[PDB]
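Number 406 in my numbering belongs to position 406 of the sequence shown; there are no gaps in the numbering. See structure below.
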Amino acid sequence: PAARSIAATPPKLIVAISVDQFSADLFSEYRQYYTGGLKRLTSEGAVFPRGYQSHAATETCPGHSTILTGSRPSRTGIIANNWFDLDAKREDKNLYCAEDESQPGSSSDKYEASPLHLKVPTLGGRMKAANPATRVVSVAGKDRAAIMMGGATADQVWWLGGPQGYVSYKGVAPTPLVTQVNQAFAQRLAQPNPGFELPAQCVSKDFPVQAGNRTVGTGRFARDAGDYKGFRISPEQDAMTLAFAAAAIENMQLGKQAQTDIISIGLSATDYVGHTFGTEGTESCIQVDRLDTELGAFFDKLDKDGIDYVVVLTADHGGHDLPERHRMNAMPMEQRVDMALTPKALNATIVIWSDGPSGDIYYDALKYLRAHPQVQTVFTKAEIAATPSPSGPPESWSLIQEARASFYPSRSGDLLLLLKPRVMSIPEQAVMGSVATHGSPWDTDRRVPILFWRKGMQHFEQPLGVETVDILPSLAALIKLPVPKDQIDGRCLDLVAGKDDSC
Ligand SMILES: [Ca+2]
Ligand SMILES: [Zn+2]
Ligand SMILES: [Zn+2]
């Protein structure tokens, strides 16, 4: 395409895409096979293959809270998907990251979605504050993804709610756009999927791996009509979320008005697939290839609409394969966390509250945990609080620096438990659900791609570490939106190769 600087003029539409659990490892592995939307981003864009969700709590909610805020979880206050507030009024002291726990009859298992917990504005919030004509849209496969990318002043915030399709906050009625999208969704759900044949690059991954009662490695997303769980844990939900995003962009004429609009898009399938099957089998392989194809179709659609958009694509965190397959592929030391460290057992052994066998622990320990062979280390609250907000290259932060980046005194635990590398925080069970997960302070789970693209820009690759908190000021520079450096943690990334500087 004709040469044109990414910063020549303000883009009219910002498109922010978070691919859930799209780790730099997974991205890098299949990079040579992209032919569609991911090929466009990597061959033509500003490529940061070593981006960081730099904090320790490498989960969905903290991760999405960084992408469009320029703020680490230490500032957003979103320190995990769940944390305890033992002073909460209601019986259930466990709080969901994206709920309003003050709502009566609520619990972490039955909550009302809300951006209440988020302490800073999003990029959309900042744009709207500077210019009220700005539209801010956020759609995703998970409520916490949509909510944290959009922020409290977003115009439209929609997420996949179950077999009924996309929904929003309590009281928000489906619009003509949404009923039409949900009509299309219901039609798709009502069709069988015979499955996807393997892309050439997925053929090598086609072998079964046992993990407890389960077998993974060979799935092709065959499913019955009406099987919503199958739909959810498949490339199909991403295709739908992108179709939704495209329909919203066109219906609302985003990017076709005087001011810049913004839409954030949380593509959730890669994460469900990674949890359910691990990351190196046919299932993830098919999903990443479909992701490439569907993003291609999406970008082509916006292109044909004549929209001047800039794209940023990244992930909310990385990911990690199930130990059972790692042990087959030259990593014999990979293992599952001792059942003794899970919440009930650990409390009985040690009086404490915890949501899993790592992360924040709350007093209603050090000696037992530090002696355990699978435990890397345990920080006290005071130790973390004593640590200054980290700066410098995120690829070489210490563990306590990582902890400090997702430390928020009024929400964080009294202890922070960190497991050794290559310990999967899902214990072995006769019957298992998820076989793999992220959430560790280690590089597989922190390291994510950050890709920027606008038609005609000059490609470059920058392999040194950057942070996802850098995304907001990078984008804000393009639209000449002032963002005081003292209100955020990130720095502006120059997106103009060579001498000129977008910052
Ligand atoms: Ca430059
Ligand atoms: Zn996630
Ligand atoms: Zn996940």
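Just so you know, even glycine gets a beta-carbon here, dropped at the ideal spot from N, CA and C.
Separation of residue 140 from residue 420, as counted between CA atoms: 33 Å
Contact set for residue 337: own chain, Cβ-Cβ below 8 Å, skip 5 residues either direction: 357, 358, 374, 419, 423, 424, 425, 426 and 427
Where residue 464 falls, given that 16 or more other Cβ within 10 Å makes a residue buried: exposed
Pairwise C-alpha distance: residue 365 and residue 7: 53 Å
Contact test: residue 237 Cβ vs ligand 3 heavy atom, cutoff 7 Å: no
Assumed close pair residue 405, residue 74 - CB separation to whole angstroms, cut-off 8 Å: 5 Å
Near ligand 4: residue 53 beta-carbon under 7 Å from a heavy atom: As presented, the structure is devoid of ligand 4, carrying ligand 1, ligand 2 and ligand 3 as its sole ligands.
Proximal residues to residue 58 (C-beta, below 6 Å), its chain only, five neighbours per side dropped: 317, 438, 439, 445 and 446
Residue 282, buried or exposed, once every other Cβ within 10 Å from all chains shown has been counted against 16: buried
Touch test, the stretch 122-133 against the stretch 388-401, Cβ-Cβ under 8 Å, three pairs minimum: no
Segment contact flag, the stretch 143-156 with the stretch 272-291, C-beta cutoff 8 Å, min 3 pairs: no
Simplified DSSP state of residue 490, which is helix, strand or coil: coil
heavy atom of ligand 1 below 7 Å from residue 261 C-beta: no
Proximity of residue 240 and residue 481 at Cβ, strictly below 8 Å: no
CB contact flag (residue 25, residue 267, <8 Å): no
Inter-stretch contact (C-beta, 8 Å, three-pair minimum) for the stretch 281-295 and the stretch 224-239: yes
Beta carbon of residue 97 nearer than 8 Å to that of residue 67: no
Validate contact between the stretch 218-227 and the stretch 184-204 using beta carbons, cut 8 Å, 3 pairs: yes
Reduced DSSP secondary structure (H/G/I, E/B, other) of residue 93: coil
Any non-hydrogen atom of ligand 1 within 7 Å of residue 312 CB: no
Burial state of residue 86 (16 or more Cβ within 10 Å): exposed
C-alpha gap between residue 72 and residue 302, whole angstroms: 31 Å
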